[PDB]
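1. Task: produce atomic coordinates for the following.
(chains A, B and C, ligands or ions: 5)
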Amino acid sequence: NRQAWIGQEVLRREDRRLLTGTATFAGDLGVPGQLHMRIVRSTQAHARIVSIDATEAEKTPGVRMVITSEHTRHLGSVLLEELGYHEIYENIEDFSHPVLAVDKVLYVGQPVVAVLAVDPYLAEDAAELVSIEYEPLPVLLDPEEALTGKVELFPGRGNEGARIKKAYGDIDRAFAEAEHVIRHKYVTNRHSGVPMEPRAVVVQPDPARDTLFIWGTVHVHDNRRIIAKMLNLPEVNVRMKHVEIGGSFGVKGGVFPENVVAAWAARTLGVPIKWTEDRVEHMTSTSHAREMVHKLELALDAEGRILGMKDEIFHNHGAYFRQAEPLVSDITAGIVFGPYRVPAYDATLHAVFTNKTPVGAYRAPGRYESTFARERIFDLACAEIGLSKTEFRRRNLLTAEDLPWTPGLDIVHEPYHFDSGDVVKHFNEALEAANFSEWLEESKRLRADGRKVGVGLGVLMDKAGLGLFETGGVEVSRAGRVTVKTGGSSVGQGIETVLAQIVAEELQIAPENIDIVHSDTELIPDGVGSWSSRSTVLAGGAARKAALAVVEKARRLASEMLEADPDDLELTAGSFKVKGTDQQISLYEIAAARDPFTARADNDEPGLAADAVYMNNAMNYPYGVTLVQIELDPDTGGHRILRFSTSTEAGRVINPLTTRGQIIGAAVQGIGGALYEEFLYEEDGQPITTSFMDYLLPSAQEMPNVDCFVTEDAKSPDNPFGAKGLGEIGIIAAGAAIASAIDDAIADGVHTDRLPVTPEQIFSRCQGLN
Amino acid sequence: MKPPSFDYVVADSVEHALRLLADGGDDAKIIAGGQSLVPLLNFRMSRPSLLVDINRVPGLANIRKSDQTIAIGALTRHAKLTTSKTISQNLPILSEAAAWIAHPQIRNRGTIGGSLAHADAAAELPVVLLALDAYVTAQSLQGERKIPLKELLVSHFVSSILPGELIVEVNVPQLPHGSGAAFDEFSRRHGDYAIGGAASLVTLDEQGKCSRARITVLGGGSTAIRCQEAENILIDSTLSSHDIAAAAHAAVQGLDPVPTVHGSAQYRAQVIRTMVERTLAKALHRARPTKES
Amino acid sequence: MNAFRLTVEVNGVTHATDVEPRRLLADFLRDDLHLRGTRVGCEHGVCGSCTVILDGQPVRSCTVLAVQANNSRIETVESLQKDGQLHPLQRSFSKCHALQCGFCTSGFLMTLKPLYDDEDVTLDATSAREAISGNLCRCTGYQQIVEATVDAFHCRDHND
Ligand SMILES: Cc1cc2nc3c(=O)[nH]c(=O)nc-3n(C[C@H](O)[C@H](O)[C@H](O)COP(=O)(O)OP(=O)(O)OC[C@H]3O[C@@H](n4cnc5c(N)ncnc54)[C@H](O)[C@@H]3O)c2cc1C
Ligand SMILES: Nc1ccn([C@@H]2O[C@H](COP(=O)(O)OP(=O)(O)OC[C@H]3Oc4nc5nc(N)nc(O)c5nc4C(S)=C3S)[C@@H](O)[C@H]2O)c(=O)n1
Ligand code: FES
Ligand code: FES
Ligand SMILES: [Mo]
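-> Numbers count the residues shown, from 1 in each chain, chains lettered A, B, ... in the order given. Ligands and ions are numbered 1, 2, ... in the order given. Below, you will see the structure:
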């Protein structure tokens, strides 16, 4: 019996917690003697202040204290972000406010003053009574007029952002010797993750001062490292506790001003502090994303093959870096080329500042915005060259042949180098088999008195190792069960299930008996976290050589327990059959026997100096094509997405049932970005989309009756097991394909630039009939 | 979140309610449903000192076919409009119109009496009820008024209800017999506050001219709007894509809407325009009986 | 200045407690009736999670002051499970991976509950979508939920 578990559809381990409601979330936590923090936020977009009136706030009963800026610029550093630095140069700042500075305000929703009261009702009751008089300054909003820079945000100025540049060989000759040279600029919409759980933090101090407990949800819960350094009380003593999270999409990823204010205030009062975000707040305070300006250029010959490709990008970072370091901007500038033959290139990314909510990293950050413009310049190019988008992408995709194809673009640091180590294979048979699966041609064939069709491709910077390591640990027990410690984090995508399978496979124990513990920094003093579709080959790779450390620790230890040497039958139950077929020793009894007999019955080998797990220089790049067909009502602005199918090649799907969730779910978040979601600021500076009535989240009825999934496990990469990151591959080309279809269905020019596609824009067909 | 502090009471009777909030507050408010008041509280956009819960008062809950009209209690739930009588002539337009009001969860607690007194510019009910020529009885401590729907709707979020007084019941006249009623709206997602919508109702002359027509507009200004002159076109004239198109294209010329987030001014005028003719389409067909179907 | 005494039935257990009128039902059902099962996402009758059974009808625990619920039956997601055995709705939701994060699970489940318990109707993909539509999710999106609900209604009725 060699029961296999990886690749199998097994129902999630997380399911029952969430279904019954036994699972606790950050907002669910209660601690006796709690104080409830409410935050007085900005009402100006750009303003310096004189704030001294919390008098009637301080004097309403039930309120224990009101925290001003002067409390917190103290010690009271300003929000550091970490490695990925060089640095070039420099950093400060942003970081955010970073904590309430008693001088200037750089966006509506910025923390200025925190109150502390007994119940959250009384907390904001006192928050109203706080008065701050403002000097309104001029307001910056357009990324392009940020750097043509009058109206400077920082008085030190403090050039807006960081300028990233990457460019191969001889693009001067690649362009100069081209027949069709194509220039167009694209604009992406400002939108984010907007998960269902708003941000929430609970801090309990151990006033014995020794320590501090944080049931806050800080999204690398092993980034106590920041709070520690900031508060100067490091590094244990800041012991983080595990909580379930209601979705993040990287939008919650990192340290916020709220996190430190609470932690500081908790420490210096010896009193537990609780914080729970407004949705409204979330819309003006939680990290933004997606807003770019994509000037692009192409070099093409009479064949239609690529020769040269690129110009400048303007990433609008909002007002501040927020562990939203060039990281994403650096990634974006690395992969606006995707999985194509691109002889040369010229990135000049301008990460810039405006009076908006500080930009973090939304699901597939910088790659939704880039694979849009890239596929919106390719579609446009087919208009002049004259012939099909299908057979353009078809023969200048990614020659292989070529593979390994060390590019092709830069000067390749994505995010460091060198890459693209595209050792993973056949670029094309995906697109080929993806349309041989099976329609596309079948309703390009349309009697089409309705409307039309679209395409788009997405490669992914999706195992950001991180580099070198990731920790893991497996433990067998006296009670039948198995325990797995990991540096992973259940944002709700099924890590605790995937790892259980990985361990199940290697240990020959049902994934039911295995439990997984994460984000509890007392058990797990070191872990990396969960971002950039990574946690399987990294943390699952940790789980493997952990479970593989026990099998030796056990099988070796079992040969000593009976007297048979390490050869037997073949050895799994999980237990130990020597011979064929006398006797046996179970895997748990082995562990139960290693008690206080001079020892210990467990493993945790990742890692040491010269790390473990080892994933270094080159990450895997998964690639995928999205296929869409839309109908449109022209007398109004309506549309009904008739068909949808994202198909992505990624070696070794670990859990097919759950990966389907990660593909479909993401794809919808893409349609949300493509046709519904935009943060609208009024020309003076105030946010307009603050409620849910304004910001449009896709609902059940409007979505495609099915997103089809075409994944194949050809060409496993060489990081055993040969698997890929898949938690982002849904949204990548969701924007471009929708756009192409809309332009194909009208039909004028293939000339759409700005997302989203509002119903007002989409009667420019009233023009067509006129 | 976090609504302001207030005192709270449940009224026993229709004049008990009037009696208490009168001396209770210059700024005492009524509640009933909550789906508009309670959220206005979590946004701290309202500061009642006293809240009067009338949601538990006997009479105002039923539906009657009195005389040549139809009586509806003010506390009648949106859901009990999609169900069940429903009412006479039934479907009337309302079960077709209420089916747009947000979702079942909200429709389960939102009252007709609330939406009319709240009077959101984009509220689906008043738009319909104006096309039916509604009549709203409003009891007060002093006496009892009856106000037609035309004067009632003042502005967005403003009604002509005097402070203190209470909307008791809405009665709609049961129109003619065998007439056409339809309602359609456009919105990004099914159930959102619509960009543009229309409710058109046609009565056939059989011999088949048009005897009477009433037309209203969702989101033409600050309130529902009768297109009294666009109706004049249809009168005496028959069927026809053109008379329909001519009627619809002439209902929007007198309209200046508000923007911006979901659409611009002239934009909405053109969406409403296709809403009028489209409703007029099914405003026939439904007008066919003589039954035997 | 003003305290109010609640006499409410919650998931069977009747409670008597004094609460300030302004506390919302959601906050009351989480404190101190520590039934964290009910979850709060939006703040104005949209997110869905909010949703609870009030007197048989699904309403938002978030547009109702706790005080308005006096002398009424209330049921939350905690009340589905009956002696270890997950209520079939919960089973098919896991059988079809109808949930990844957890938030949009109280909301949908409680919306679907009275619909389930009453003998009609069938729920086909189209009518299934319309049913859950009152609840938002940012993870699935719905495809599997719609697939999950349908499955639940087949083992319900036609059932071998
Ligand atoms: C087109 C449309 C879209 C909608 N969309 C949404 C949505 O997206 N989300 C949502 O949550 N809800 C929505 N609603 C519901 C809307 O809030 C309704 O007004 C609902 O009925 C609110 O409950 P209520 O008005 O009965 O009680 P409340 O909302 O408590 O009433 C609010 C106000 O009405 C007054 N009032 C109520 N009854 C009376 C009376 N008998 N006499 C005098 N004054 C009275 C009160 O003084 C109070 O100030 C929508 C409704 C419509 C028509
Ligand atoms: N059942 C699964 C789950 C994940 N994977 C893949 O294996 C890795 C393990 O996941 P993880 O490392 O956590 O991926 P990320 O750290 O990038 O996070 C997951 C991904 O997809 C997500 N899925 C989410 N789902 C829910 N319900 N809620 C969130 O907040 C989520 N947030 C995310 C975010 S953020 C991203 S980017 C990922 O590469 C994923 O593609 C898989 O094969 N099978
Ligand atoms: S938060 Fe109360 S309904 Fe969404
Ligand atoms: S809401 Fe995040 S998983 Fe459904
Ligand atoms: Mo992410």
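2. can you list the domain ranges for chain B.
-> Per curated CATH domains, the domain ranges recorded for chain B read B:1-57, B:58-175, B:176-293.
3. Now do the contacts for the nearest residue to residue A:197 once chain neighbours are set aside.
-> If the residues on either side of it in the chain are set aside, residue A:197 comes closest to residue A:246, at 2.5 Å by C-beta to C-beta, 6 or more residues apart in numbering or on different chains. In this view, the C-beta of every residue, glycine as well, is placed from N, C-alpha and C. Taking C-beta atoms under 8 Å, 6 or more residues apart in numbering or on different chains, we find residue A:246 in contact with A:25, A:195, A:196, A:197, A:492, C:39, C:41, C:101, C:102, C:103.
4. Most widely separated two among those residues?
-> Across the contacts of residue A:246, no pair lies farther apart than A:492 and C:41, at 13.6 Å, counting by C-beta to C-beta.
5. anything in the one helix or strand residue B:52 maps to sitting right up against chain C?
-> According to DSSP states H and E, residue B:52 maps onto strand B:50-53. Yes: counting by C-beta under 8 Å from any C-beta of the partner chain, chain C is contacted by strand B:50-53 at B:51, B:53.
6. Show me what that strand is packed up against.
-> Using 3 or more C-beta pairs under 8 Å, 6 or more residues apart in numbering or on different chains; DSSP states H and E, the elements in contact with strand B:50-53 are strand B:7-10, helix B:14-24, strand B:28-30.
7. any idea how far residue A:122 is from residue A:269?
-> 17 Å (C-beta to C-beta, to the nearest Å).
8. Compare the two (neighbour count), which wins?
-> residue A:122 (19 against 16; other C-beta atoms under 10 Å in any protein chain shown).
9. for that one, what are its contacts?
-> Applying C-beta under 8 Å, 6+ apart, the residues near residue A:122 are A:36, A:60, A:62, A:63.
10. and it, which of the three is it?
-> With DSSP: H, G, I helix; E, B strand; the rest coil as the basis, residue A:122 sits in helix.
11. For the residue in the stretch 51-200 of chain B positioned nearest to chain C, grab the count of nearby residues.
-> Residue nearest to chain C within the stretch 51-200 of chain B: residue B:103 (3.5 Å; C-beta to the nearest C-beta). Number of residues near residue B:103 (other C-beta under 10 Å) recorded here: 21.
12. just residue A:125 next, same as before
-> Each residue near residue A:125 was counted by other C-beta under 10 Å, and the total is 22.
13. so the residue nearest to it when sequence neighbours are not counted, which of the three states?
-> Counting by C-beta to C-beta, 6+ apart, residue A:125 lies nearest to residue A:60, which is 6.9 Å off, once chain neighbours are set aside. Under three-state DSSP, residue A:60 falls in the coil class.
14. same check, this time on residue C:105
-> helix.
15. Check residue A:672 too.
-> Judged by three-state DSSP, the three-state class of residue A:672 is helix.
16. Not including adjacent chain positions, what is the nearest residue to it?
-> Counting by C-beta to C-beta, 6+ apart, residue A:698 is the residue found nearest to residue A:672 once chain neighbours are left out, at 4.6 Å.
17. hang on, that neighbour packs against residue C:139?
-> No: using C-beta atoms under 8 Å, residue A:698 is not in contact with residue C:139; the gap is 11.6 Å.
18. follow-up on the earlier one: contact partners for the residue nearest to residue A:672?
-> A:668, A:671, A:672, A:676, B:189, C:141.
19. go with 6 Å
-> Residue A:698 makes contact with A:668, A:671, A:672, A:676 under the criterion C-beta atoms under 6 Å, 6 or more residues apart in numbering or on different chains.
20. Specify the residue ranges that define each domain of the chain.
-> All of this refers to chain A. According to curated CATH domains, the domains of chain A span A:33-149, A:150-191+A:288-424, A:192-287, A:425-461+A:620-770, A:462-619.
21. hmm, I had chain C in mind actually
-> Split by curated CATH domains, chain C gives C:1-76, C:81-157.
22. Residue A:592 belongs to a helix?
-> Yes: Residue A:592: assigned to a helix according to three-state DSSP.
23. Count the residues that sit near it.
-> 13.
24. wait, what's in contact with it?
-> Neighbours of residue A:592 in contact, by C-beta under 6 Å, 6+ apart: residue A:478.
25. who's in contact with the residue positioned nearest the centre of chain C?
-> In chain C, the centroid-proximal residue (C-alpha atoms, centre = their mean) is residue C:110; its distance is 2.5 Å. For residue C:110, the contacting residues are C:51, C:52, C:53, C:58, by C-beta under 6 Å, 6+ apart.
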